[PDB]
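> One structure coming up, written as structure tokens, with questions to follow.
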Amino acid sequence: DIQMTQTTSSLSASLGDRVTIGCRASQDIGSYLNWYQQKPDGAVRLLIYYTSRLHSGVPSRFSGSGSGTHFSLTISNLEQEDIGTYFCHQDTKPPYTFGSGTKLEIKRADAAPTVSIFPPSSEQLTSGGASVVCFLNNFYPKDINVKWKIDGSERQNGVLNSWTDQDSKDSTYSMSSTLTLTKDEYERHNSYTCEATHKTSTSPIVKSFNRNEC
Amino acid sequence: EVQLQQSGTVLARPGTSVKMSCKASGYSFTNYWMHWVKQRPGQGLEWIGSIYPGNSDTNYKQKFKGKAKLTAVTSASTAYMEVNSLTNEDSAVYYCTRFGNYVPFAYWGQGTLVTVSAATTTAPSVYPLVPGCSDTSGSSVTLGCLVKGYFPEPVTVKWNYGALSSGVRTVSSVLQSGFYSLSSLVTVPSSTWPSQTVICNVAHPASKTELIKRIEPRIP
Ligand SMILES: CO[C@H]1O[C@H](CO[C@H]2O[C@H](CO[C@H]3O[C@H](CO)[C@@H](O)[C@@H]3O[C@@H]3O[C@H](CO)[C@@H](O)[C@@H]3O)[C@@H](O[C@H]3O[C@H](CO)[C@@H](O)[C@@H]3O[C@@H]3O[C@H](CO)[C@@H](O)[C@@H]3O)[C@@H]2O)[C@@H](O)[C@@H]1O
């Protein structure tokens, strides 16, 4: 088969800047190279076909180039709506093959998270479990560290971290850290603290509550 | 106008088979090749094969011969793919897509998610995320729903049946010890909550469950 290789798996660029996404074929494929964009909801859209031809509703910012073995999709001036994963596709003849995709992120002005802490609900507690949630809202860049302290002591076990996709409108991220304990474990301690470390400050943003409600 | 509507998510045991559908509208079904594409996480995109519904001609990537079977029913304007001898490697999103004319894959289905597992379906437990009693106030408030211990994927969360979309943040699911969990949070004005019903709607297609959780202040 014809191996399609994309230059990089992820790319981050600022609004207004020129962006290039590269693709390479293991043999000469002439002009038979297509570019698709996939959104986080899984929707797939054809942007460029036959190396350089734009498709339906595709903005003039997009252009395509190709040598037969090396190809690129170029965005002249990056816009907010350009977020997604870009795949190349050769269709010389069966079997068709695809590049593995380049995920395009918007590079944004740095933004500090807004931090919220959520004690377990009475509903969960009465059923024997206890989850404590630390939520970090609307920050950039994506890289962020959450540290849990229970009665002053670090806990790493039973912690689950997850991020949103980059916000389609303002390019920020949000994330939650969930600490799972049993009710009995949870009732054996008083102080619950999450500390968020982000590049926007050298001092952690700290949120706590006491199980005593005081 | 051209639409490709694919069937819903499927959970299947190893060794069994699944048959998924792709219903076409807005064009003459029998005059275009319908292709199938596999998206497995960390495996990019993989072409499986295609069918021309007009004369039932098919082609396949060599590895899928005898593994995936492509059919079409003209009367139903529907293309089908049946994948047999299922393994965990068959867990993926499968797309149907139309080829031509003088363009490649111009129209795509929404994708069908296949989960191959011996694990049975488990509905989520939902718990409210409510600010603590001794929390600092302010013009806005952040509320949420914790969605725990479900299988298989996916779960969707909406707020107030979809009417609340602004300030919504739903993190990706995480897989742990065989089960999925996620959380969805919303920031609303302090005069909307606790003034109005704030509900999270949790849907889990595999268990056919449509759950609601009212977000209410803690017991004083
Ligand atoms: C500009 O480059 C872009 O266009 C390329 C796609 O262009 C082709 O699309 C039309 C349909 O093509 C499919 O149908 C043909 C016959 O079956 C197949 O070659 C092609 O199918 C693909 O090939 C594999 C099978 O070999 C299938 O798996 C895969 O789907 C082609 O145009 C022809 O079809 C239309 C309508 O039928 C006709 O207008 C045209 O046929 C020509 O006109 C005469 C009949 O009208 C006939 O004598 C001539 O063939 C077109 O070539 C895409 O790759 C590039 O991005």
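Labels for the structure tokens follow display order: chains A, B, ..., residues from 1 in each chain, ligands from 1.
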Excluding same-chain residues fewer than 2 positions from residue B:34, what lies within 7 Å of it counting only C-alpha atoms, as JSON, numbers by chain?

{"B": [32, 36, 50, 51, 52, 96, 97, 98, 99]}

> Taking only C-alpha atoms and all ligand atoms into account, which residues have an atom no farther than 6 Å from ligand 1? I'd like them as a list in words.

residues 32, 49, 50 and 91 of chain A; 33, 50, 99, 100, 101, 102, 103 and 104 of chain B

> What lies within 9 Å of residue A:24 using only C-alpha atoms, ignoring chain neighbours under 3 positions off, as a PyMOL selection string?

chain A and resi 3-7+27+68-72+88+99

> Could you give me, as a ChimeraX atom specification, the residues within 7 Å of stretch 177-186 of chain B, counting only C-alpha atoms and dropping anything in the same chain fewer than 3 positions from it?

/B:142-151,157,167-174

> Taking the DSSP assignment computed from this structure's backbone, write out as a VMD selection string all residues of stretch 18-197 of chain A that belong to helix (DSSP H, G or I).

chain A and resid 80 to 82 122 to 125 183 to 187

> Would you mind exporting the chosen residues as an mmCIF file, in the first residue's frame, restricted to N, CA and C atoms?


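Heads up, here's the output in out.cif:
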data_model
loop_
_atom_site.group_PDB
_atom_site.id
_atom_site.type_symbol
_atom_site.label_atom_id
_atom_site.label_comp_id
_atom_site.auth_asym_id
_atom_site.auth_seq_id
_atom_site.Cartn_x
_atom_site.Cartn_y
_atom_site.Cartn_z
ATOM 1 N N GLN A 80 -10.559 31.455 14.081
ATOM 2 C CA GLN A 80 -11.116 30.690 15.195
ATOM 3 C C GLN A 80 -11.779 29.382 14.756
ATOM 4 N N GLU A 81 -12.514 29.443 13.642
ATOM 5 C CA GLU A 81 -13.290 28.310 13.124
ATOM 6 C C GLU A 81 -12.431 27.180 12.550
ATOM 7 N N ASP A 82 -11.124 27.416 12.427
ATOM 8 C CA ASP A 82 -10.217 26.449 11.800
ATOM 9 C C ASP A 82 -9.761 25.302 12.727
ATOM 10 N N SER A 122 -25.079 14.778 49.281
ATOM 11 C CA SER A 122 -25.726 13.880 50.235
ATOM 12 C C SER A 122 -26.235 12.620 49.533
ATOM 13 N N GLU A 123 -26.675 12.772 48.283
ATOM 14 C CA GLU A 123 -27.160 11.647 47.477
ATOM 15 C C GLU A 123 -26.104 10.569 47.277
ATOM 16 N N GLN A 124 -24.887 10.982 46.931
ATOM 17 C CA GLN A 124 -23.789 10.035 46.784
ATOM 18 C C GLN A 124 -23.397 9.413 48.117
ATOM 19 N N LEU A 125 -23.256 10.260 49.141
ATOM 20 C CA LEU A 125 -22.849 9.837 50.483
ATOM 21 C C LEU A 125 -23.764 8.771 51.077
ATOM 22 N N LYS A 183 -17.450 6.621 51.486
ATOM 23 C CA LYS A 183 -18.020 7.504 52.509
ATOM 24 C C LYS A 183 -17.230 7.419 53.817
ATOM 25 N N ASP A 184 -16.903 6.195 54.232
ATOM 26 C CA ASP A 184 -16.175 5.966 55.483
ATOM 27 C C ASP A 184 -14.775 6.583 55.472
ATOM 28 N N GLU A 185 -14.076 6.445 54.345
ATOM 29 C CA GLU A 185 -12.788 7.112 54.144
ATOM 30 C C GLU A 185 -12.961 8.624 54.246
ATOM 31 N N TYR A 186 -13.963 9.148 53.540
ATOM 32 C CA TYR A 186 -14.256 10.590 53.501
ATOM 33 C C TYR A 186 -14.601 11.172 54.878
ATOM 34 N N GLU A 187 -15.349 10.403 55.668
ATOM 35 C CA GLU A 187 -15.747 10.829 57.011
ATOM 36 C C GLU A 187 -14.643 10.674 58.059
#

> Within 12 Å of residue A:202, counting only C-alpha atoms, which residues qualify if same-chain residues fewer than 6 places away don't, as an mmCIF file with C-alpha atoms, in the first residue's frame?


data_model
loop_
_atom_site.group_PDB
_atom_site.id
_atom_site.type_symbol
_atom_site.label_atom_id
_atom_site.label_comp_id
_atom_site.auth_asym_id
_atom_site.auth_seq_id
_atom_site.Cartn_x
_atom_site.Cartn_y
_atom_site.Cartn_z
ATOM 1 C CA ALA A 112 -5.509 31.868 34.550
ATOM 2 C CA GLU A 195 -4.087 23.282 44.498
ATOM 3 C CA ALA A 196 -3.933 24.317 40.850
#

> Write out as a list in words each polymer residue whose atoms come within 7 Å of stretch 41-45 of chain B, counting only C-alpha atoms; drop sequence neighbours fewer than 6 positions from it.

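Selected residues are residues 98, 99, 100 and 101 of chain A.
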
> Could those residues be written to a file, using N, CA, C and O atoms, as a PDB file, in the first residue's frame?


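Wrote it out as result.pdb, contents follow:
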ATOM      1  N   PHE A  98      -4.909   6.858   3.994  1.00  0.00           N
ATOM      2  CA  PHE A  98      -5.060   8.136   4.669  1.00  0.00           C
ATOM      3  C   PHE A  98      -3.828   8.442   5.519  1.00  0.00           C
ATOM      4  O   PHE A  98      -3.175   7.531   6.030  1.00  0.00           O
ATOM      5  N   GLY A  99      -3.528   9.728   5.685  1.00  0.00           N
ATOM      6  CA  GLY A  99      -2.579  10.171   6.706  1.00  0.00           C
ATOM      7  C   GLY A  99      -3.224  10.032   8.076  1.00  0.00           C
ATOM      8  O   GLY A  99      -4.448   9.913   8.182  1.00  0.00           O
ATOM      9  N   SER A 100      -2.410  10.042   9.126  1.00  0.00           N
ATOM     10  CA  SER A 100      -2.910   9.788  10.477  1.00  0.00           C
ATOM     11  C   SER A 100      -3.473  11.034  11.160  1.00  0.00           C
ATOM     12  O   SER A 100      -3.937  10.955  12.292  1.00  0.00           O
ATOM     13  N   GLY A 101      -3.415  12.177  10.481  1.00  0.00           N
ATOM     14  CA  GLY A 101      -4.053  13.398  10.971  1.00  0.00           C
ATOM     15  C   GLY A 101      -3.145  14.357  11.717  1.00  0.00           C
ATOM     16  O   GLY A 101      -2.203  13.944  12.390  1.00  0.00           O
TER      17      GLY A 101
END

> Of the candidates B:140, B:28, B:82, B:14, which one gets nearest to residue B:187 if we count only C-alpha atoms?

B:140

> Could you please determine the separation between atom CA of residue A:64 and atom CA of residue A:45 in Å, to one decimal place?

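Going from atom CA of residue A:64 over to atom CA of residue A:45 covers 15.6 Å.
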
> Neighbouring residues of residue A:83 were defined as those with any atom within 9 Å, considering only C-alpha atoms; residues of the same chain fewer than 2 positions away were excluded. Please report them as a VMD selection string.

chain A and resid 37 to 40 79 to 81 85 103 to 106 166 168

> Output C-alpha atoms of each residue in that selection to a file, as a short mmCIF file (atom, residue, chain, number, x, y, z; two decimals), in the first residue's frame.


data_model
loop_
_atom_site.label_atom_id
_atom_site.label_comp_id
_atom_site.auth_asym_id
_atom_site.auth_seq_id
_atom_site.Cartn_x
_atom_site.Cartn_y
_atom_site.Cartn_z
CA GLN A 37 -11.19 18.35 8.38
CA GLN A 38 -12.71 16.55 11.36
CA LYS A 39 -14.43 18.41 14.20
CA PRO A 40 -14.64 17.21 17.86
CA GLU A 79 -9.28 31.93 12.10
CA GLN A 80 -11.12 30.69 15.20
CA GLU A 81 -13.29 28.31 13.12
CA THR A 85 -7.97 17.51 12.88
CA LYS A 103 -4.63 18.17 15.29
CA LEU A 104 -4.76 21.98 14.99
CA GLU A 105 -4.98 24.04 18.21
CA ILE A 106 -5.32 27.83 18.51
CA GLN A 166 -10.47 23.73 23.26
CA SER A 168 -14.51 26.83 19.77
#

> With only C-alpha atoms counted and 7 Å as the cut-off, give the residues of chain A in contact with chain B, each with its shortest interatomic distance in Å and the pair that gives it, as CSV.


residue,atom,partner,partner_atom,distance
A:42,CA,B:110,CA,7.0
A:43,CA,B:110,CA,6.0
A:44,CA,B:108,CA,6.3
A:46,CA,B:106,CA,5.7
A:49,CA,B:103,CA,6.6
A:95,CA,B:61,CA,5.4
A:96,CA,B:47,CA,5.9
A:97,CA,B:47,CA,6.2
A:98,CA,B:45,CA,5.7
A:99,CA,B:44,CA,6.7
A:100,CA,B:44,CA,4.0
A:101,CA,B:44,CA,6.3
A:118,CA,B:131,CA,5.5
A:119,CA,B:132,CA,6.1
A:121,CA,B:128,CA,6.3
A:123,CA,B:127,CA,6.9
A:124,CA,B:127,CA,6.4
A:162,CA,B:171,CA,5.8
A:163,CA,B:171,CA,4.9
A:164,CA,B:171,CA,4.1
A:174,CA,B:169,CA,6.9
A:175,CA,B:171,CA,6.4
A:213,CA,B:134,CA,6.3
A:214,CA,B:134,CA,6.8

> Identify all residues of stretch 15-169 of chain A in strand (DSSP E) (DSSP on the backbone) and supply them as a count of residues only.

77

> Quick one: distance from atom CA of residue B:22 to atom CA of residue B:7 in Å, one decimal?

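Taking atom CA of residue B:22 and atom CA of residue B:7, their separation equals 6.6 Å.
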
> Which is closer to residue A:111 than all the others in A:180, A:172, A:197, A:208, using only C-alpha atoms?

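Closest candidate: A:172.
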
> Identify which of the residues A:155, A:1, A:135, A:201 lies closest to residue A:26, counting only C-alpha atoms when measuring atom-to-atom distances.

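Among the listed residues, A:1 lies closest to residue A:26.
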
> Could you tell me how far atom CA of residue A:9 lies from atom CA of residue A:77, in Å and to one decimal?

20.6 Å

> Looking at only C-alpha atoms, which of A:192, A:148, A:209, A:139 is the one that sits closest to residue A:107?

A:139

> Under the rule that only C-alpha atoms are counted, which of A:169, A:18, A:55, A:93 is the nearest residue to residue A:78?

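Selected residue with least distance to residue A:78: A:18.
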